[PDB]
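In: in their complex positions, the first chains:
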Amino acid sequence: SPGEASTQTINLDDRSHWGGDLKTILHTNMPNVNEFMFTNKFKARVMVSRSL
C-alpha cells in the first residue's frame, strides 16, 4: 500500500556517511503577465477631474 510503504525504509549502510547525486527535471508554463509575479499591476497617477 502507499501507506504501508510509508513505513518501510531504504537503509544506506550505517558505517559510512553517504551522498547522492541529484539530477532533476523541472518544467513550468508560467505566463508573461500575472498576479503572483506581480506583472499584472502598476500604479500610475492620472487626471481624474476638471472643473471651473
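Out: Thanks, I have the structure now. Numbering: from 1, shown residues only, chains lettered A, B, ... in the order given.
In: start and end of stretch A:9-21, how far apart?
Out: This stretch, stretch A:9-21, spans 19 Å end to end (CA to CA, to the nearest Å).
In: got it, and stretch A:13-20?
Out: Termini of stretch A:13-20 sit 13 Å apart (CA to CA).
In: can you tell me what sits against that stretch?
Out: Applying CB atoms under 8 Å, 6 or more residues apart in numbering, the contact partners of stretch A:13-20 are residue A:12. For every residue, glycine as well, the C-beta is placed using N, CA and C.
In: need the phi and psi values for residue A:7.
Out: phi -90, psi -60 (degrees, to the nearest 10).
In: how close does residue A:5 get to residue A:13?
Out: 21 Å (CB to CB, to the nearest Å).
In: equivalent analysis for residue A:44, please.
Out: For residue A:44, the distance to residue A:13 (CB to CB) stands at 63 Å.
In: ok, now residue A:21?
Out: Distance of residue A:21 to residue A:13, computed by CB to CB: 18 Å.
In: contact partners for residue A:52?
Out: Residue A:52 touches nothing, counting by CB under 8 Å, 6+ apart.
In: which helix or which strand is home to residue A:40?
Out: Under DSSP states H and E, no helix or strand contains residue A:40.
In: go ahead and confirm it touches residue A:32.
Out: No: applying CB atoms under 8 Å, one finds residue A:40 not in contact with residue A:32, separated by 9.6 Å.
In: which one's more surrounded, these two?
Out: More crowded of residue A:40 and residue A:32, by other CB atoms under 10 Å: residue A:40, with 11 against 7.
In: measure that one to residue A:12 for me?
Out: Per CB to CB, residue A:40 is found 47 Å from residue A:12.
In: what do you get for residue A:1?
Out: Per CB to CB, residue A:1 is found 24 Å from residue A:12.
In: between these two, which one's more packed in?
Out: A count of neighbours by other CB under 10 Å puts residue A:12 above the other of residue A:1 and residue A:12, at 11 against 6.
In: for residue A:1, list the residues it contacts.
Out: By CB under 8 Å, 6+ apart, residue A:1 lies in contact with nothing.
In: repeat the analysis, applying 10 Å as the threshold.
Out: Each residue near residue A:1 by CB atoms under 10 Å, 6 or more residues apart in numbering is listed here: residue A:7.
In: and if you look at residue A:2?
Out: Applying CB under 10 Å, 6+ apart, no residues qualify as near residue A:2.
In: how about the helices of chain A, start to end?
Out: Under the criterion DSSP state H, chain A carries helices at the ranges A:2-5.
In: strands of chain A, start to end?
Out: Per DSSP state E, chain A carries no strands over any range.
In: which residue is nearest the middle of it?
Out: Closest residue to the average C-alpha location of chain A: residue A:28 at 9.5 Å, with CA atoms, centre = their mean.
In: so how far is residue A:37 from it?
Out: Using CB to CB, residue A:28 is found at 11 Å from residue A:37.
In: what do you get for residue A:8?
Out: Separation of residue A:8 from residue A:37 (CB to CB): 40 Å.
In: out of those two, which sits in the busier spot?
Out: Neighbours were counted for residue A:8 and for residue A:37 using other CB under 10 Å; residue A:37 has more, 10 against 7.
In: now for residue A:31, how many residues are close by?
Out: Residue A:31: 9 neighbours (other CB under 10 Å).
In: that one and residue A:20, how far apart?
Out: For residue A:31, the distance to residue A:20 (CB to CB) stands at 34 Å.
In: got the contact list for residue A:4?
Out: Here residue A:4 is in contact with no residue (CB under 10 Å, 6+ apart).
In: ok, now how distant is it from residue A:45?
Out: According to CB to CB, residue A:4 stands 62 Å off from residue A:45.
In: and if you look at residue A:1?
Out: For residue A:1, the distance to residue A:45 equals 61 Å [CB to CB].
In: also residue A:7?
Out: Taking CB to CB as the measure, residue A:7 falls 61 Å from residue A:45.
In: then add chain B to what we have above:
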Amino acid sequence: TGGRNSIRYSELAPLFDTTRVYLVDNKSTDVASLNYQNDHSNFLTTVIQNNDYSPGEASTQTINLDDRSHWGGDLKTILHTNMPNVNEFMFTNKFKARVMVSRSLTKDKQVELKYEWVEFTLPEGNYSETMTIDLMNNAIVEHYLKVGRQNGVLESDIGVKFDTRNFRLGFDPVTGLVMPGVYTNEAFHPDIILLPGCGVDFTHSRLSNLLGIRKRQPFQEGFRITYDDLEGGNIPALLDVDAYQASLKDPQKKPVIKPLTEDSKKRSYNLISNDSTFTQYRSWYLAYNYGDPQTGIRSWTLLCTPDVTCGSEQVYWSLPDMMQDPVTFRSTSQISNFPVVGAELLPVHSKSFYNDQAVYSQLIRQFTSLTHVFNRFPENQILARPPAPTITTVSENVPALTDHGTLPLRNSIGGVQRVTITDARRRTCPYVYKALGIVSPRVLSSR
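Out: Putting chain B together with the chains above:
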C-alpha cells in the same frame, strides 16, 4: 547462544532462548478496534499480550529477538472451517448442460428441434453424494418447466439425466434385449445419460469430480461431453414382458422380438428403428465399459471414485509482518500475493455410511402413493429416479491441528501482526471459523 539469546520487550525484562508469541483472532480488545471490517481468513492481531496498553498503542511496541543472531520460529497452527459441499465459490453450484428447448412442426411438414446450453444452479447447501445428483436432475426438470414443455417438448424427450445404474445387466446376447423387462436398478457409479443433439459441460465446475468422471489428461482447459462422444453404448431396450407372457397358446414364432416401446402414460422410449433393440438413450458408463476401449470415451476419460468434497484443495498461510519471505517470494502489500510460509489441505474429509434406505424405497413406490420433485416419472424405467447407492458419503468439516516447519523470522516483531489464509486461486476463504497460530522463536545461527 551466549550473548545472542536475549529476547527483549519494553522494560518488561530479558527473556532468554525460545519463548512464545501468539497469533489469535478471538482476542476481544482487537476485534472491536482493528479487524472490524475483516474476516477470519484475513485479520489483524495484537501480538503484544500486555494488559496495560491500547491496541493502537501496542501496535507501536515491539518484540526484539536478539540482533546478533538469525532467528527462527516453529509455527503450529489450528485451522477450522465449515465450508459446505456445494456452493458458489468452490464452483460446485453451477454446471452447463445442453437440453431440448423447442419442438415445433416446421413450415413444410418436416420438423424442427432446436437445442441450447443453459446454466443450472443449485440451492447452496451441504449434501449427500446422491441427493446432490438428484438436485441436478431436478434443476434440469425445473428448466423444462419454465421453458421446455411450453414449446412442444415432451418429457418423453428430455435430453440429460444423471442416474447411477448399469443400463444393461439383464441384457441377453441373442434377443438383443434386457430380458427381465426392467433395467435392474442397482447402483454402480454416477453416470450421465444423454440424448441425441445434446450433452453436458463441466468446464467450470468441480461437480464433475462428484460424479467421478475425470478427464484422462486434466491440464486441458475444457470439459464437454456430448452425444456424439458417447458412442457405442446406447441403452438397450426393455423386452416386452406382457407380449411375451401373454403369448404361448398358438412358423409358430414367439412374442420375444417385441421390445417395449413406451410405458404406462405412454412415454416414448425413442427407439432408433421400429426394428433395432437399442434405444436412442446413451450412457457414459455403458460407453466407457462396453464400447471400443481404444476409440470410445474409455480413451480420453477416466472412471473413478466420487468424493463429495469435489476435490481436496489446499490453502496457504502468510504472516507477512512477522516472518521472512521464503526464497523466491517477492515482498509486497497486495493481500492476494503475500509470501507463503505454510501450505495445508483445506480441512474437509468425506465420511461414509451404510445405506439401509437402499431398498426400503423399493417397497413403497411398489405400493403407490405421492411423488417427490425427484421421481416425476416413476413409471419410466429411465427418467425414473436413480437408485440410492449403499454407502453414501458426506462432506464433513473438521478441525485441523496442523504443524508447519520452523521458519526464519525478523528480529523486530511488530506489535500488530497480520494473519492471512489463502486458497489455491489466492483469495480469502469465507468459510473459515477459526485460525490460530503459535510461534516459538529460537536461535539458528549468528550474524
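In: now with chain B: the contacts of residue A:1?
Out: For residue A:1, the contact set (CB atoms under 10 Å, 6 or more residues apart in numbering or on different chains) comprises A:7, B:332-335.
In: near chain B, which residues of chain A?
Out: A:1-5, A:7-8 (CB under 10 Å from any CB of the partner chain).
In: roughly how far does residue A:17 sit from chain B?
Out: The gap separating residue A:17 from chain B is 23 Å, by CB to the nearest CB, to the nearest Å.
In: that residue: how many residues sit nearby?
Out: 5 (other CB atoms under 10 Å in any protein chain shown).
In: and for residue A:3?
Out: Neighbours of residue A:3 under the rule other CB under 10 Å: 7.
In: repeat that for residue A:22.
Out: 5.
In: over to residue A:36?
Out: The burial count for residue A:36: 8, using other CB under 10 Å.
In: that one - nearest residue in space that isn't next to it in sequence?
Out: Closest residue to residue A:36 in three dimensions, ignoring its sequence neighbours and counting by CB to CB, 6 or more residues apart in numbering or on different chains: residue A:30, at 7.9 Å.
In: how about that neighbour, what does it touch?
Out: Counted by CB under 10 Å, 6+ apart, residue A:30 has contacts A:36-37, A:39.
In: kindly provide the distance from it to chain B.
Out: 38 Å.
In: now swap in residue A:14 and tell me
Out: For residue A:14, the distance to chain B equals 13 Å [CB to the nearest CB].
In: repeat for residue A:39
Out: Per CB to the nearest CB, residue A:39 is found 47 Å from chain B.
In: now for that residue, how many residues are close by?
Out: Residue A:39 has 12 neighbours, counted by other CB under 10 Å.
In: enumerate every residue touching it.
Out: Going by CB under 10 Å, 6+ apart, residue A:39 touches A:30-33.
In: repeat that with 6 Å
Out: residue A:33 (CB atoms under 6 Å, 6 or more residues apart in numbering or on different chains).
In: next up, phi/psi of it, please.
Out: Backbone geometry at residue A:39, expressed as degrees, to the nearest 10, gives phi -130, psi 20.
In: pull the number of nearby residues for residue A:20.
Out: Other residues lying near residue A:20 total 6 when counted by other CB under 10 Å.
In: residue A:12: what's its closest spatial neighbour, skipping adjacent residues?
Out: Distances taken as CB to CB, 6+ apart put residue A:18 closest to residue A:12, at 4.3 Å, once the chain neighbours are dropped.
In: again, but for residue A:5
Out: For residue A:5, ignoring the flanking residues on the chain, the nearest one in space by CB to CB, 6+ apart is residue B:333 at 7.0 Å.
In: run a quick neighbour tally on residue A:18.
Out: When neighbours are defined as other CB under 10 Å, residue A:18 has 7 of them.
In: likewise for residue A:19?
Out: Neighbour tally, residue A:19, other CB under 10 Å: 7.
In: over to residue A:23?
Out: Residue A:23: 5 neighbours (other CB under 10 Å).
In: next one: it from chain B, what distance?
Out: Separation of residue A:23 from chain B (CB to the nearest CB) stands at 28 Å.
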